[PDB]
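Below is one structure; the comments refer to it alone.
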Amino acid sequence: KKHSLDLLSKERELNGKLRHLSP
Amino acid sequence: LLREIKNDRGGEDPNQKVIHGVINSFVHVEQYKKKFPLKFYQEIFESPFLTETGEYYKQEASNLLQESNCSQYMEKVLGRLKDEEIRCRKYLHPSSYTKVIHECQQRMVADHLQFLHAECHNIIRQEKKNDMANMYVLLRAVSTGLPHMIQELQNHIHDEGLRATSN
Amino acid sequence: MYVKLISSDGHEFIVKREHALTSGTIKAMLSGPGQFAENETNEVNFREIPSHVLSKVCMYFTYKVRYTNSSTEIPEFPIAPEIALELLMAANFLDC
Amino acid sequence: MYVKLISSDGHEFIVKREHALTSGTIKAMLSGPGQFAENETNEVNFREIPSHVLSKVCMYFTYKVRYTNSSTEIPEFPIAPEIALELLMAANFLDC
Amino acid sequence: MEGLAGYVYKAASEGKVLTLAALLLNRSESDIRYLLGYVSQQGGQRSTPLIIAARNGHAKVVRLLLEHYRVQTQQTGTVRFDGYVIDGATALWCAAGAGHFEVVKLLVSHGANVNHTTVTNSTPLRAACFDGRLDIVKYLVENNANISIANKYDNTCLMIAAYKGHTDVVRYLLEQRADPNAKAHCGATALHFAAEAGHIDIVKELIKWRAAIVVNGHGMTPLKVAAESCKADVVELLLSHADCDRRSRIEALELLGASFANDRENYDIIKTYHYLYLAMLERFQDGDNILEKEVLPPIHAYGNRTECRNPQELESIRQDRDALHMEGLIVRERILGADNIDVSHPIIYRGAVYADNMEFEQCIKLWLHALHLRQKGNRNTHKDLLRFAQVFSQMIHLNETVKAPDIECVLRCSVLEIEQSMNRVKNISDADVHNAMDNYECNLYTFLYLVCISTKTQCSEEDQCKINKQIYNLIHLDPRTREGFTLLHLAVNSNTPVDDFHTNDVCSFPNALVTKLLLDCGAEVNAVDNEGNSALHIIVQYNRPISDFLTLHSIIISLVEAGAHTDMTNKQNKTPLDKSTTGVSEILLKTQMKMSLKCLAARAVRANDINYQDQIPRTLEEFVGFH
Amino acid sequence: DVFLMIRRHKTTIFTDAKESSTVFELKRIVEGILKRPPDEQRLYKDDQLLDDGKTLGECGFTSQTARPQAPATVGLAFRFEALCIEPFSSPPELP
């Protein structure tokens, strides 16, 4: 395990986007 | 070792890893000594390096006054101070950081107090803000440099107020 | 070698020097211009704490000197319900 | 991180890393040019310690790392009459 | 009564028509209404049997419930999960969102509200286009479904449909006179989300519909975010729209090359060089209207490269990958203005990549630039602080010295971020309060790890003074966790959650050095939790007094010498001796405990419950208060 | 708080498990250590087969009979093959 694999995408921004992309 | 450090001072850049390893060997050898582990490194290298940097910066400070006026002498001294902070950080043991940068100041800013103070009256009166910044960041480290600047600023404020009010 | 403690009623409370010096302000009054480098009276006058509370203060001095390094089955120091709230003020004045 | 202790009889005695680092010389064997930081085998070979003694040594490793902080009448380590005087040389060669 | 209704709901969830008919047999109108309409709770979802039948695609169940029992199509409940806690939903919304056309047909023919609005102004058409079913969307539109109806953030059906890669529904909506210039919350349009999702067909249909390309509220035109999203295909089609002029298309090409330069899944050198070279040629082709880039000054973090104005300058760095990455990052934030959300991710990934080959100094420098960008952007950055702690612990564990200015800067950013967390959770709402508190606690823990690392490394006196200044600033800020723990209580608690990635190998709580540093930085010693425990009550319960005796002894020495009451009581009236589970800590404290008549008298006052109000000095009142 | 000596023919491994721990966890442990799938190796207790469902507490390994100072014995078999655990060396006679 290392940092490079543990970095995630903009999930928090995606989570913030879940408010605006709700069906 | 002092020659390579001086070559770094002169503009070049020696192999930082080699110089740092050789310098740190003087303190890594006596890591097993319980009493004064840096006693070897201080006596073998740190004292000769302090003497060498004192001589070099005395020569440099004398070599900066003879051609440059007091306005950009401050900028040159601050650049040399920052470059000394950087070059003593990547070469020397962490204990010998505040001493070298001490011996630099006492050769560049303290030993010419009577020079800098002689221009302090001109720095405050004309209100050159970058020059006050260099003034303060230089004489703060010196033990007996700040109070004259304090007195000059107080006198300038008092005269400015008198001119602004008494008329 | 003894310290004479005088309460608010005039009760002399002569106690050992090292027993009295366990409290901060007794040590302070015995220091400064109060040394009495003659060791016969070394009087300390209290116009504030009454006799019944300074008596318990001296009792505590002896009690802590005796039990200073026991740490096993330390016995309770008897504080009367009425003498509390006033021995507290004396122990706050006489630091420890 | 799961090291393997091999006795003089080929008996593998795979035990945890922190369990086996209680002994100083096993730490020394795993240090130096014996690291191989590949988490593959961490094999240490004991050409001298018999299996019936290395087993007791590994049980001691577990027992020590379990009861190192109790100080509340830990149970006695069961050492057989025959294991002793041969477990002693193992506990010397494997310091602590 | 609830058993029959619960059984009916369970059968509707499982779709057992025979069981539902048996349970609904011989029931009056009131009984039928109660059995069909009661909103049952199961699996974290509060929904009606009709709602759970439509969600599960039980056409037979819904038609049996609607044809004979004529259940009303106005039920409400909590539907879906994973950020979807939408309430006020009818069965039609769930049937459209689950991709079951038959259930939608039965519901609408039975009288379902096609224009039903949920709590967040959501229509069943939006859910249907979210699922990606053409028939459901068409049939709902045929029953007067207003596409222009959107949520409270103004996200219409076309935008959310264009988010996913479904050509049929977005083409039908564009045929259905959908708005191509609809404004989202931050001024965004559907073309933005079509471009960032990498859907060439949706973007080309939108520009066929005269999408009216315009920047969002932040100011990013959809071609810019198309370039950012690492999708060359959607970028290389707006050239024929004859409205990009020359500057917009060329900065799109440059940003696309920059995004190809550094990304997790779109990392390559050859095509990055090709598109950068093409962009530079397009800039430097005519000569009369040649475009000159606004060259930003070379920041020391980004090496010593002042762009590449000459073609030979670009050719000379074509063979070096690291120079290409660094130039790509520079031009990326030059185009993006270094103030955008999408700026921190590439530099953080490049810092990790530099950390791959043990190039720790470059990783620290790059991530410090990233952290400064995040701080100037007012973005929550607790994870970045955590990864600084992880890297610092890793480089300490590998015996490699830590730069004192680096950890000083990270500590400055840490105390600033903790202050930001405090004044965020001060006025936070109930919706996000749990994650706000968790971020606050995580920031505190990262600060503690950073202080532990700073104690682990050795620095000069000035750097130590700066670090202690930052620690004293945070101490004066007086942080508290959810359970009342101050910084000292966390620093002495063995239950403080240390991160398990690399900090667990260095940062070991309780730690003597961090507590000593905090106490030297003026940490309050006699602070209490919500349970009243001070730092002493926390340290005396240490579970490792033998194998870790030096730390416990040093903590007790520092706590006593800095000034602490060895017999102060918590809410349960337990002295630190009483709380001390291990006898080792009991007798350590007893060796540190000094007998005082003030404590004995205060204990007597509290035990006898004698009224001390106004009878003693103000200090003595609180002194008796905690004895 | 249960300690087991899981024994192959010659391989012996010292594992710490919980009282209320099923065979699942220790089977994955042995799989990850000996590099062998658990569908092909099945453990034994003193010549008596065990499955993957029951927990160690009611299996026979209490916290008193499998103390770390004398861990309990668990057999193994690698591919059926009989329990052929090689006993330890014979201790020397008392001098």
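FYI, it's all coordinate maths here, none of it is from the lab. No Cβ is skipped: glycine too gets one built from the backbone with ideal geometry, and neighbour counts run over all protein chains shown.
Observations
- Cβ-Cβ distances below 7 Å connect the following pairs, each with a first residue in region E:526-555 that is within 14 Å of another protein chain (Cβ to nearest Cβ), a second residue that is surrounded by fewer than 16 Cβ atoms within 10 Å (Cβ to Cβ), and a separation of six or more residues or different chains: E:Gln541/E:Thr581; E:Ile546/D:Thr68; E:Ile546/D:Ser71; E:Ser547/D:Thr68.
- Qualifying residues in region E:279-295 (those that are of a type outside the set (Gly, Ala, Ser) and surrounded by 15 or more Cβ atoms within 10 Å (Cβ to Cβ)) - the one nearest to E:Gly337 (Cα to Cα): E:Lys293
- For E:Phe509, the requirement of being over 25 Å from the mean Cα position of the chain (by Cα), surrounded by 19 or more Cβ atoms within 10 Å (Cβ to Cβ) and not small (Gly, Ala, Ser) is met.
- Helices (runs of 4 or more DSSP H) wholly inside region E:436-536 containing at least 1 residues that are farther than 23 Å from E:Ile557 by Cα: E:461-477
- Every residue from region E:247-275 that is in a helix (DSSP H, G or I), over 25 Å from E:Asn289 (Cβ atoms) and aliphatic (A, V, I, L, M): E:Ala261, E:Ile270
Residue-by-condition table, conditions (1) closer than 30 Å to C:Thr72 by Cα; (2) in contact with a strand residue (DSSP E or B) (Cβ under 6 Å, 6 or more places away or on another chain); (3) among the acidic types (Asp, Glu):
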residue: E:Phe501; (1), (2), (3): no, no, no
residue: E:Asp505; (1), (2), (3): no, no, yes
residue: E:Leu517; (1), (2), (3): no, no, no
residue: E:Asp529; (1), (2), (3): no, no, yes
residue: E:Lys579; (1), (2), (3): yes, no, no
residue: E:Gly583; (1), (2), (3): yes, no, no
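- The residues of region D:48-66 that are outside any helix (DSSP H, G or I), surrounded by 18 or more Cβ atoms within 10 Å (Cβ to Cβ) and more than 7 Å from every other protein chain (Cβ to nearest Cβ) amount to a single one, D:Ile49.
- Entry remark, region E:326-351: residues being within 14 Å of chain A (Cβ to nearest Cβ), within 18 Å of E:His300 (Cα to Cα) and of a type outside the set (S, T, N, Q) number 6 in total.
- When residues of region E:95-104 are limited to those that are assigned to a helix (DSSP H, G or I) and farther than 10 Å from E:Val62 by Cβ, the one nearest to the other protein chains (Cβ to nearest Cβ): E:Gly97
- If the condition is being at the interface with chain E (Cβ under 7 Å from one of its Cβ atoms), of a type in the set (A, V, I, L, M, F, W, C) and either over 25 Å from E:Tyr612 (Cβ atoms) or under 15 Å from the mean Cα position of the chain (by Cα) (or both), then region C:80-96 contributes C:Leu87, C:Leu88, C:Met89, C:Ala91, C:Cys96.
- Residue list for region E:155-165, filter: buried (at least 16 other Cβ atoms within 10 Å of the Cβ) and either in contact with an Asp or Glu (Cβ under 8 Å, 6 or more places away or on another chain) or assigned to a loop (DSSP other than H, G, I, E, B) (or both): E:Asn155, E:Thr156, E:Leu158, E:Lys164
- Of the criteria (1) among the hydrophobic types (A, V, I, L, M, F, W, C); (2) buried (at least 19 other Cβ atoms within 10 Å of the Cβ); (3) more than 14 Å from chain A (Cβ to nearest Cβ), which one E:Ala355 fails: (3)
- The C-beta contact set for region E:360-380 (first residue farther than 17 Å from E:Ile330 by Cα, second residue assigned to a helix (DSSP H, G or I) and among the acidic types (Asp, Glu), distance under 9 angstrom, 6+ apart or interchain) comprises E:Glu361/E:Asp406; E:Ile364/E:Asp406; E:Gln375/E:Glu417; E:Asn380/E:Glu417.
- Answer from E:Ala242, E:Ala301 - the residue that is surrounded by 14 or more Cβ atoms within 10 Å (Cβ to Cβ) and not hydroxyl-bearing (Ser, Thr, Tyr): E:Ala301
- For region E:227-246, the set of residues classified as of a type in the set (S, T, N, Q) and either in a helix (DSSP H, G or I) or over 12 Å from E:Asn266 (Cα atoms) (or both) consists of E:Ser240 only.
- Screening the candidates F:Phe3, F:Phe24 for the property of being aromatic (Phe, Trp, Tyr) and either within 14 Å of chain D (Cβ to nearest Cβ) or in contact with a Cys (Cβ under 7 Å, 6 or more places away or on another chain) (or both) yields one hit, F:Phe3.
- Of all the criteria given as (1) touching a helix residue (DSSP H, G or I) at 6+ places or on another chain (Cβ under 8 Å); (2) β-branched (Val, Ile, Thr); (3) closer than 27 Å to B:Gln42 by Cβ, the one not satisfied by B:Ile86 is (1).
For every residue, the table says whether it meets (1) in a loop (DSSP other than H, G, I, E, B); (2) more than 20 Å from F:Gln69 (Cβ to Cβ); (3) of a type outside the set (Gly, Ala, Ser).
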{"site": "F:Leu4", "(1), (2), (3)": "no, no, yes"}
{"site": "F:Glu25", "(1), (2), (3)": "no, yes, yes"}
{"site": "F:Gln41", "(1), (2), (3)": "yes, yes, yes"}
{"site": "F:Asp47", "(1), (2), (3)": "yes, yes, yes"}
{"site": "F:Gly53", "(1), (2), (3)": "yes, yes, no"}
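- Single residue of F:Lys45, F:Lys54, F:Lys18 found to be among the basic types (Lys, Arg), under 26 Å from D:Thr68 (Cα atoms) and touching a helix residue (DSSP H, G or I) at 6+ places or on another chain (Cβ under 9 Å): F:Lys18
- Screening the candidates E:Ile467, E:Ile475, E:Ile428 for the property of being within 14 Å of chain B (Cβ to nearest Cβ) and aliphatic (A, V, I, L, M) yields one hit, E:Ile467.
- When E:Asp432, E:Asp499 are checked against the criterion of being surrounded by fewer than 15 Cβ atoms within 10 Å (Cβ to Cβ) and among the charged types (D, E, K, R), a single residue qualifies: E:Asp432.
- Test: residue in region F:10-20 that is touching a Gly at 6+ places or on another chain (Cβ under 7 Å), in a loop (DSSP other than H, G, I, E, B), of a type outside the set (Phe, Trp, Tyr) and within 14 Å of chain D (Cβ to nearest Cβ): yes
- With respect to (1) facing another protein chain (nearest Cβ under 8 Å); (2) crowded, with 17+ Cβ neighbours inside 10 Å, the lone exception for F:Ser90 is condition (2).
For (1) touching a strand residue (DSSP E or B) at 6+ places or on another chain (Cβ under 9 Å); (2) loosely packed, with under 15 Cβ neighbours inside 10 Å, each residue gets a yes or a no:
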site: D:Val3; (1), (2): yes, no
site: D:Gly10; (1), (2): no, yes
site: D:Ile14; (1), (2): yes, no
site: D:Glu18; (1), (2): no, yes
site: D:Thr22; (1), (2): no, no
site: D:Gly32; (1), (2): no, yes
site: D:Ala37; (1), (2): no, yes
site: D:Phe46; (1), (2): yes, no
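- In region B:71-96, residue nearest to B:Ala141 (Cα to Cα) [restricted to those that are within 14 Å of chain E (Cβ to nearest Cβ) and of a type in the set (A, V, I, L, M)]: B:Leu81
- Within region E:105-137, tally of residues that are under 37 Å from the mean Cα position of the chain (by Cα) and part of a helix (DSSP H, G or I): 12
- Within region A:7-23, tally of residues that are of a type in the set (D, E, K, R), closer than 16 Å to E:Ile348 by Cα and more than 7 Å from chain E (Cβ to nearest Cβ): 2
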